[PDB]
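Tertiary structure, described
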Amino acid sequence: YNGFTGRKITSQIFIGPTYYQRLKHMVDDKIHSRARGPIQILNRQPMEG
Amino acid sequence: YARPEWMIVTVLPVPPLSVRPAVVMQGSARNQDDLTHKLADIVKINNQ
RNA sequence: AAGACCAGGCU
């Protein structure tokens, strides 16, 4: 049944329990932004990493 | 612009400190760049 | 500080 309106769904959906894994990769460890931060010593260019 | 005898090294240029910056380490010592060490060897052997 | 090696991810 549709969660929003309560109407039945015309197609019949395949459902069941399946074993799922959470992986090490998370967005909080990958999100990054830069604006006039640290400057490399030799090239006077933005840092790496 | 280019004369053949200028292709033989008589005067060796020394790059500024910007080209071969010293490595700051905790304020206790500087480590020196490969260019600086090679220039040190060259100066030692030239003096000898 | 910087250099090196290694491991993993997205095509």
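As recorded in the entry header, the structure was determined using cryo-EM to a resolution of 2.7 Å.

1. Quick word on the overall build of chain B
In terms of regular secondary structure, chain B is built from one helix and two strands. Along its sequence from the N terminus, chain B presents helices and strands in the succession β-β-α. Dimensions along the principal axes, computed over C-alpha positions, put chain B at roughly 50 × 30 × 10 Å. When the 48 residues of chain B are sorted by exposure, 8% land in the buried category. Both charge centroids of chain B, one from 5 positive and one from 4 negative side chains, sit 5 Å from each other.

2. Concerning the overall build of chain A
Tallying secondary structure elements over chain A gives zero helices and zero strands in all. Along the first, second and third principal axes, the C-alpha atoms of chain A reach 65 × 30 × 15 Å. When the accessible area of chain A is evaluated, it comes to approximately 6000 Å², of which 56% is carbon and sulfur surface.

3. Quick word on the protein's contact with RNA strand C
Every residue near RNA strand C is listed here: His 25 of chain A together with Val 23, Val 24 and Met 25 of chain B. Of all atoms in RNA strand C that approach within 4 Å of the protein, 50% are sugar or phosphate atoms. In this structure, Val 24 of chain B approaches RNA strand C through a main-chain N or O atom, which is 3.0 Å from a phosphate oxygen. Here the residues of the surface near RNA strand C sort into three nonpolar, one polar and no charged.

4. Brief notes about the side chain of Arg 20 of chain B
Residues and elements named next belong to chain B. The topology assignment puts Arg 20 in the segment before β1 (23–25). Although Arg 20 lies buried, it forms no salt bridge, and the closest oppositely charged side chain, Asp 33, sits 6.6 Å away as judged by the N-O distance. A polar side-chain atom of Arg 20 sits 3.2 Å from the main-chain carbonyl oxygen of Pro 15. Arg 20 has contacts with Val 14, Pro 15, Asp 33, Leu 35, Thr 36 and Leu 39, leaving out every residue within four places of it along the chain.

5. A short note on a nonpolar patch on the surface
Side chains of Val 9, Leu 12 and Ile 42 of chain B sit close together on the surface and give an oily, nonpolar patch of about 270 Å² of accessible area. Tracing the sequence through the fold places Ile 42 of chain B in helix α1 (residues 34–47).

What counts as what
Residues numbered from 1 in each chain as written, not as in the entry; some residues may be left out. Chains lettered and ligands numbered in written order. Part of a larger assembly, values for the part shown. Heavy atoms only, no water. Helix = DSSP H or I, 4+ residues; strand = E, 2+ residues; numbered from the N terminus. Buried < 20%, exposed > 50% of the residue type's maximum accessible area, 1.4 Å probe, protein only. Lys, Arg positive; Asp, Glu negative; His and termini not counted. Charge placed at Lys NZ, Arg CZ, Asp CG, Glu CD. Areas by Shrake-Rupley, 256 points an atom, 1.4 Å probe, with all protein chains shown as cover. Near = heavy atom within 4 Å. Polar contact = N/O pair within 3.5 Å; in protein donor to acceptor, adjacent residues only side chain to side chain. Nonpolar A, V, L, I, M, F, W, Y, C, P; charged D, E, K, R; others polar. Salt bridge = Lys/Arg side-chain N within 4 Å of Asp/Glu carboxyl O. Contact = heavy atoms within 4.5 Å. Patch = residues over 30% accessible without salt bridge, like charges linked within 9 Å, V, L, I, M, F, W, Y side chains within 5 Å.

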